[PDB]
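Some notes on the structure that comes next.
So basically every Cβ, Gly included, is an ideal-geometry build from the backbone, and we count neighbours across all protein chains shown. A short reminder: the numbers here are calculations on the coordinates, not readings from a lab.
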Amino acid sequence: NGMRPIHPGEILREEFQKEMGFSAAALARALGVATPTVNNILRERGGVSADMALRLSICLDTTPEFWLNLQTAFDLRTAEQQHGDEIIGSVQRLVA
Amino acid sequence: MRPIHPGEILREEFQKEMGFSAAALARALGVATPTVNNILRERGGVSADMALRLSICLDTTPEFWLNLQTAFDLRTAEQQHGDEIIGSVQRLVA
């Protein structure tokens, strides 16, 4: 298929939210961002930016790489799933 | 630590080394020459799609490029909005 893309919002929701019990608005206030931004990420609609990842790391006690690496892994897995065969068929390696 | 754009690594460690033109790279990548130039000139970032293309083309992993991009964006964010971020975020209370 292969392995399912994991949106950072899934981690935010399943591992942080489900346990700590915060609302979207509560998280937003602590992040210093607007609630709709948080709403987008939790619903896995919007990605995590460098600014957001820094905010999350302070707010939830993580590194900011944790979040951006989740984002790029998701984005890569998605690009592979969506465009992987087309890319493999159209790119030539360059050794000189 | 100041930021390193992935395009600098593409330009200095691959282009300068192997001596290809921007156009030759774009042809091999299956993309437009201005798309390559925007990275080489450090005006734009490397997307997942571009990272995949580069990885095939230059025998790298795609993560190699994305992690360079992630590092650049974080370092940049910290350098320009770090104080603003520290001043506006509170540890969430469980």
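Filter the DSSP H helices in chain B by two things, a Kyte-Doolittle mean of at least -0.5 and an axial alpha-carbon span of 24 angstrom or more, and list the hits by number. Walk me through the numbers before you get to the answer.
Numbers: long enough: B:62-86 (32 Å, -0.56).
Helices passing the filter in chain B: none found.
Built from the Cα atoms of the protein assembly as shown, the convex hull projects on average onto 11.5 nm², one quarter of its surface area. Peptides B:60-69, A:38-47, B:15-24 ranked from most to least packed give B:60-69, A:38-47, B:15-24, packing being the mean of other C-beta atoms within 10 angstrom over each peptide's residues. Remark: spin-label model distance B:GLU13-B:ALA32 equals 2.9 nm, labels positioned 7 Å along the Cα→Cβ axis.
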